[PDB]
Amino acid sequence: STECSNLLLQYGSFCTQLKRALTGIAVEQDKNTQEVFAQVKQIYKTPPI
Amino acid sequence: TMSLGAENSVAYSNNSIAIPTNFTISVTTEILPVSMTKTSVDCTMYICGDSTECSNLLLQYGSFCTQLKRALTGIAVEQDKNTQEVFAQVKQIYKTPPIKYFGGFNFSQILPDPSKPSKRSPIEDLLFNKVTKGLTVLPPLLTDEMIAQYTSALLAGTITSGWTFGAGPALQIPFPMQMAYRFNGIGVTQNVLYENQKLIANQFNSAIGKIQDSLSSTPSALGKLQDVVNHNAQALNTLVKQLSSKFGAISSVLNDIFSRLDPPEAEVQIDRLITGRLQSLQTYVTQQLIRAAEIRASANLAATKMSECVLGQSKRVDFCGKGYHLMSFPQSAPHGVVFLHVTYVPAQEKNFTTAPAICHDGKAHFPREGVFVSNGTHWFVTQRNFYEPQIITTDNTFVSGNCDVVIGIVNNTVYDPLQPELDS
Amino acid sequence: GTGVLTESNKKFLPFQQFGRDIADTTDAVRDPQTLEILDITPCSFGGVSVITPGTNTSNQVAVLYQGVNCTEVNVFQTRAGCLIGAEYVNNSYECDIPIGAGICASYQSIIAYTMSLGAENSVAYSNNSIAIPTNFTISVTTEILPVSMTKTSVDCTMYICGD
Amino acid sequence: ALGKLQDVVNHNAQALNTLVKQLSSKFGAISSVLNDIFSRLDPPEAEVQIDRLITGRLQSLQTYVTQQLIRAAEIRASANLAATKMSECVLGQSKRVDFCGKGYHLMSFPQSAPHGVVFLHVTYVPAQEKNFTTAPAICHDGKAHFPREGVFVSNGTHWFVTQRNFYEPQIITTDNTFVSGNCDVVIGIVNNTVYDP
Ligand SMILES: *[C@@H]1O[C@H](CO)[C@@H](O[C@@H]2O[C@H](CO)[C@@H](O)[C@H](O)[C@H]2NC(C)=O)[C@H](O)[C@H]1NC(C)=O
Ligand SMILES: *[C@@H]1O[C@H](CO)[C@@H](O[C@@H]2O[C@H](CO)[C@@H](O)[C@H](O)[C@H]2NC(C)=O)[C@H](O)[C@H]1NC(C)=O
Ligand SMILES: *[C@@H]1O[C@H](CO)[C@@H](O[C@@H]2O[C@H](CO)[C@@H](O)[C@H](O)[C@H]2NC(C)=O)[C@H](O)[C@H]1NC(C)=O
Ligand SMILES: *[C@@H]1O[C@H](CO)[C@@H](O[C@@H]2O[C@H](CO)[C@@H](O)[C@H](O)[C@H]2NC(C)=O)[C@H](O)[C@H]1NC(C)=O
Ligand SMILES: *[C@@H]1O[C@H](CO)[C@@H](O[C@@H]2O[C@H](CO)[C@@H](O)[C@H](O)[C@H]2NC(C)=O)[C@H](O)[C@H]1NC(C)=O
Ligand SMILES: *[C@@H]1O[C@H](CO)[C@@H](O[C@@H]2O[C@H](CO)[C@@H](O)[C@H](O)[C@H]2NC(C)=O)[C@H](O)[C@H]1NC(C)=O
Ligand SMILES: *[C@@H]1O[C@H](CO)[C@@H](O[C@@H]2O[C@H](CO)[C@@H](O)[C@H](O)[C@H]2NC(C)=O)[C@H](O)[C@H]1NC(C)=O
Ligand SMILES: *[C@@H]1O[C@H](CO)[C@@H](O[C@@H]2O[C@H](CO)[C@@H](O)[C@H](O)[C@H]2NC(C)=O)[C@H](O)[C@H]1NC(C)=O
Ligand SMILES: *[C@@H]1O[C@H](CO)[C@@H](O[C@@H]2O[C@H](CO)[C@@H](O)[C@H](O)[C@H]2NC(C)=O)[C@H](O)[C@H]1NC(C)=O
Ligand SMILES: *[C@@H]1O[C@H](CO)[C@@H](O)[C@H](O)[C@H]1NC(C)=O
Ligand SMILES: *[C@@H]1O[C@H](CO)[C@@H](O)[C@H](O)[C@H]1NC(C)=O
Ligand SMILES: *[C@@H]1O[C@H](CO)[C@@H](O)[C@H](O)[C@H]1NC(C)=O
């Protein structure tokens, strides 16, 4: 609904706040995975035997 | 597709060991946020400004204003508590000797500068340079000068007294002997420190200079503290921006509502503006509480690092820098602490042929503190973290059992110190 | 609105009437009768904080006006604001009531002071001397840690609507 | 002394008292009593007034749940810390500085408390320190001797080796020292005899 969006614009930057918080959580999850698993900068390999 | 890293196939075999023949004194930086901006919001002035009728209507909502003020007050006292926990870990203000010679070790970049009015270190001064309506910002309880004084006291204690001041009275010890104690902590004998004292001092000075250059040359080094400042400022800006939102009313200005509409509809319009502004303020307070919890966790971690890396030597892997931890130095930073972790990194490793035990006289000998290595023709025992080959004797080995049980035992002679004495 | 109308150094363009700052609040205006520019500085708001000991002990209070200079309101100027009713003492004690910017208040009348960080100790460092303990103290210290809270359940229908 | 636990009890009681107090708020309606609203207005406008009350009370309840969840996260972090202290200070001896009391940690005792745990940390604090003249190594027979586990001290005329955390002087022998290199490299080496058993 275009009229609903026009009425929704009157409420300000609530939508921007919610998107920014979700973006912060989204980058935080990748940072968490990077901190836990990427603790080595060399990819070691086991011997064949 | 992102590259995880360089492939490194380690040459594992059942009888070969790699022993370091050299070391690098590496100083690394760890930046931890400690406190946030202390914000106080006047609920009446934010929601209503100066309108008396708006305040009268606002009184009907009860203790929302008290809840928001109480939550912000809790966050504000929490920030001061966080700073107090991280930096005020000593009750004695220690001072360095006037003759600042510590065995070839240079601490000019981290000790306070007498020439500067702020009494800060060159590194701390660089850190401070590199970090840049009903609403008020409260000053922190501890000023930058007092936090710098606390860091100076911690540096003086950790330089002149080692880790003794953190566990009781400060006991003076020469800095090379302290560095030898720290070498013993990571399993390297003190002779390695004493013989290479000039090289270790030069490496430490070079690393400290590299740290200052690296901080001065990288814009994104101090992003973690900057983000906190940015998050606080942006949140404050957004909260004020919410005042310019109609929230589904004819106008965002209360006076326009009083002048343009009758009181039966005016009360509805002011109610809409009040609920919108109150919801904005509640959203801001909720964000502040979540960020305060995150900063409190970071401050607790910083206090743990201050206790375990600066006031003692830590055996925890990667807690106090990459490598075997030797010592740490605290530096004050805007809303945060920077730890300079001095660690020992092994380097210039060499292959050797290794065995679990030495078979001599039908007895199995095992190293008391080291490892058996062979350069190809001769067998020696050396400490695990530095290559220092020594003759296999009965003083650095112990006997447990015969040679029939241990898998991979090799035959070699074991010298007896007592044998030439009774022989002669 | 309500405000203090002062002379303005802001050079308006001839078509502009009102003025806004960074925070989108009306802070400049042009009088309709006179084509001069006037700043609308908001009336001198401040947070009034009351520093008091327990009412069991005394009824004396001190007033801190946050972010207000002392000439615009036992008067002391702090970076937090103006403190009235407390007398600055050049001595340093432990912090009893935190004021801010290194200032703390205590009751002994109400005094305000710069809090001491710690007792001053100079370590006798030299390159060939060590200090060895000859005795020990077995010290038992307390650490209090919260573990759980009160478990609360709320009847949503009864709270919102009752009967 | 027990301010933290009493503080938690105070926050929970204060949050409940505030939540009860919030029922006395009109929330932009004619009355804060729902029964009055029914007894006084037709359903088209009474529905609106009851709505005003319902949205205000629901906002109050969601606010209370939000602070309860934030306090739950804080208490969960404190409880995780308490479990770590119970595991590492009570069930073992910790080398972590200031984790289990001020001083060198010996052992710890747990005590139950209302909504909490009290740890009695038994620690070792050095006291009655004394100055001594110290050296990195002892030069004997052209060889450098270093302490195996202690430190070289001198009371003015005689050299001894003692453990670092307590003064117990012992004669410098080959049993408690090790030889690495000659005397030409170590900075600050002093000349003293090394006894042979
Ligand atoms: C120890 O020996 C192994 C092999 O005996 C060395 O591993 C080789 O290193 C070269 C140089 O990069 C590689 O090209 C080979 O592919 C490696 N071989 C294996 C089987 O991994 C190893 O470099 C030696 N260690 C040191 C410190 O010299
Ligand atoms: C161990 O490594 C250090 C450097 O990490 C070496 O010191 C360098 O030695 C070369 C020549 O011997 C000099 O040109 C450099 O200036 C030295 N660097 C520093 C920082 O002093 C040292 O020689 C190495 N030792 C061994 C036994 O390999
Ligand atoms: C310790 O380090 C500082 C800084 O690295 C040294 O100060 C430098 O001294 C040289 C020669 O005197 C000057 O050319 C540099 O400009 C100085 N740098 C700075 C930042 O001031 C200092 O000489 C070193 N030694 C001692 C004993 O302090
Ligand atoms: C392994 O190390 C030992 C000792 O460092 C070496 O033995 C010495 O080698 C030198 C080199 O010619 C001789 O001059 C000495 O006489 C040897 N000493 C003894 C006691 O025999 C040995 O050569 C090394 N082996 C390898 C393969 O490098
Ligand atoms: C190490 O020495 C032992 C004994 O000195 C060797 O064991 C002997 O091995 C031979 C042939 O393998 C047998 O005939 C003997 O009966 C064994 N004697 C004993 C007492 O076990 C052993 O082989 C040697 N190992 C190496 C690698 O040379
Ligand atoms: C070890 O000796 C030093 C200096 O000989 C002592 O330090 C002095 O202590 C006195 C007494 O408090 C002070 O007045 C001096 O200012 C101190 N001098 C310095 C340079 O700090 C130290 O107290 C002695 N240690 C012990 C345990 O007696
Ligand atoms: C080490 O300190 C303890 C006290 O911490 C000393 O014990 C005291 O000794 C005196 C005289 O012998 C008694 O009057 C006290 O009652 C003792 N105190 C306690 C708590 O038992 C001990 O003598 C000190 N040792 C040394 C060598 O100085
Ligand atoms: C340093 O300590 C040693 C022993 O701990 C002292 O040597 C003894 O001193 C006593 C009394 O002075 C004599 O009766 C002994 O015969 C000495 N023993 C030896 C083996 O000589 C020494 O006097 C102390 N030095 C100082 C300056 O106090
Ligand atoms: C410790 O003893 C060594 C020798 O046992 C002394 O070294 C000699 O000192 C003299 C004069 O200083 C020189 O002429 C010799 O060439 C040195 N010999 C050696 C092998 O270095 C040393 O000076 C003594 N140190 C002290 C502090 O007494
Ligand atoms: C080590 O490996 C080699 C070949 O991989 C084998 O011949 C030898 O017996 C092994 N030694 C031990 C002690 O396992
Ligand atoms: C408006 O009235 C003021 C009042 O004295 C007068 O001075 C001015 O000339 C008038 N006209 C304009 C255009 O300002
Ligand atoms: C200690 O300092 C003095 C003078 O500062 C010097 O003569 C002496 O050699 C130094 N000793 C050591 C071990 O550095």
Side-chain angles (χ1 to χ4, degrees), chain A residues 13 16-36 38, chain B residues 28-41 71-72 75-76 78-83 85-87 123-132 135 137-140 142 144 147 211 214-242 283-306 330-341, chain C residues 22-23, chain D residues 70 73-74 77:
Chain A
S13 64
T16 308
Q17 279 204 77
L18 300 170
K19 291 179 179 179
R20 184 189 298 130
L22 290 180
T23 304
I25 293 176
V27 304
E28 187 159 66
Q29 300 323 294
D30 290 327
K31 184 191 189 337
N32 286 346
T33 310
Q34 167 87 233
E35 283 210 23
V36 167
Chain B
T28 59
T29 51
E30 179 161 21
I31 297 101
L32 282 175
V34 169
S35 57
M36 318 197 295
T37 294
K38 294 164 60 181
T39 71
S40 186
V41 176
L72 290 180
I75 294 176
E78 188 160 65
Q79 299 323 295
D80 291 327
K81 184 192 190 336
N82 285 346
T83 311
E85 283 212 22
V86 169
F87 293 102
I123 287 169
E124 281 176 329
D125 208 290
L126 200 142
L127 294 169
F128 275 87
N129 288 132
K130 285 210 71 65
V131 175
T132 58
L135 272 72
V137 163
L138 299 177
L142 288 178
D144 299 323
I147 300 168
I211 281 307
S214 177
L215 287 173
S216 67
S217 66
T218 305
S220 58
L222 280 184
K224 300 187 63 44
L225 313 179
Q226 188 68 70
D227 290 349
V228 180
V229 171
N230 287 358
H231 294 297
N232 287 304
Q234 181 187 45
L236 281 178
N237 190 2
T238 305
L239 175 76
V240 196
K241 286 297 179 63
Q242 283 297 99
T283 292
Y284 164 74
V285 163
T286 300
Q287 296 302 108
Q288 284 296 138
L289 280 166
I290 299 161
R291 290 175 181 175
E294 183 163 20
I295 293 301
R296 184 185 58 246
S298 187
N300 287 344
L301 179 59
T304 312
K305 303 238 176 186
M306 186 73 75
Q331 297 286 271
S332 63
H335 301 305
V337 61
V338 173
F339 291 108
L340 304 196
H341 298 302
Chain C
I22 285 93
Chain D
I70 297 162
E74 175 169 11

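Per chain, numbering begins at 1; letters A, B, ... match sequence-line order. Just so you know, these numbers use all the heavy atoms, side chains as well, and skip hydrogens, waters and symmetry mates.
- The heavy-atom pair separating B/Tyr284 from B/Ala235 by the smallest distance is CE1-CB, 3.9 Å.
- Contact record, B/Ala302 with B/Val337: CB-CG1, 3.8 Å, taken as the closest heavy-atom pair.
- Of all the heavy atoms in B/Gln79 and B/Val34, the pair that sits closest is OE1-O, 4.2 Å.
- A donor-acceptor pair under 3.5 Å links the side-chain atoms of B/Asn232 to the main chain of B/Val228, judged by distance alone.
- To the nearest 0.5 angstrom, D/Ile70 atom CD1 is 5.5 Å from B/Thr286 atom OG1.
- Using a distance-only test at 3.5 Å, with no hydrogens or angles considered, no donor-acceptor pair links the side chain of B/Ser298 to the main chain of B/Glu294.
- Taking CG of B/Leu225 as the reference point, atom NE2 of B/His335 lies at 8.5 Å (rounded to 0.5 Å).
- How far CD1 of B/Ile75 is from CD1 of B/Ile295: 11.5 Å, rounded to the nearest 0.5 Å.
- A distance of 10.5 Å separates OG1 of B/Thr132 from CG of B/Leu222, quoted to the nearest 0.5 Å.
- By the 4.5 Å heavy-atom criterion applied to side chains, B/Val137 and B/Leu236 are counted as neighbours.
- Listed here is the closest heavy atom pair of B/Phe87 and B/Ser332: CE2-CA, 4.4 Å.
- Looking at B/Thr39 and B/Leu72, their side chains come closer than 4.5 Å, going by heavy atoms from C-beta outward.
- For B/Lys224, the side-chain hydrogen bond (donor to acceptor under 3.5 Å, both in side chains) test picks out no residue, with sequence neighbours left out.
- The side-chain heavy atoms of B/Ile123 and B/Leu127, taken from C-beta on, include a pair separated by under 4.5 Å.
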May I have the step-by-step check of side chain to side chain contact (heavy atoms under 4.5 Å, CB included) for B/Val41 and B/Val285, ending in yes or no? CA-CA 10 Å; B/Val41 176; B/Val285 163; over 6 Å; no
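- Considering only heavy atoms from C-beta on, B/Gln288 comes within 4.5 Å of B/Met36 through its side chain.
- Side-chain contact between A/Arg20 and B/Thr238: present, with at least one pair of heavy atoms (C-beta onward) separated by less than 4.5 Å.
- Across all their heavy atoms, B/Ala299 and B/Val86 have their closest contact at O-CG2, 3.3 Å.
- Taking CE of B/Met306 as the start and CG of B/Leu32 as the end, the distance is 9.5 Å to the nearest 0.5 Å.
- Nearest heavy-atom pair, B/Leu340 versus B/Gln331, reported as atom, atom and distance to 0.1 Å: CG-CG, 4.4 Å.
- How far CG of B/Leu289 is from CZ of B/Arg291: 11.5 Å, rounded to the nearest 0.5 Å.
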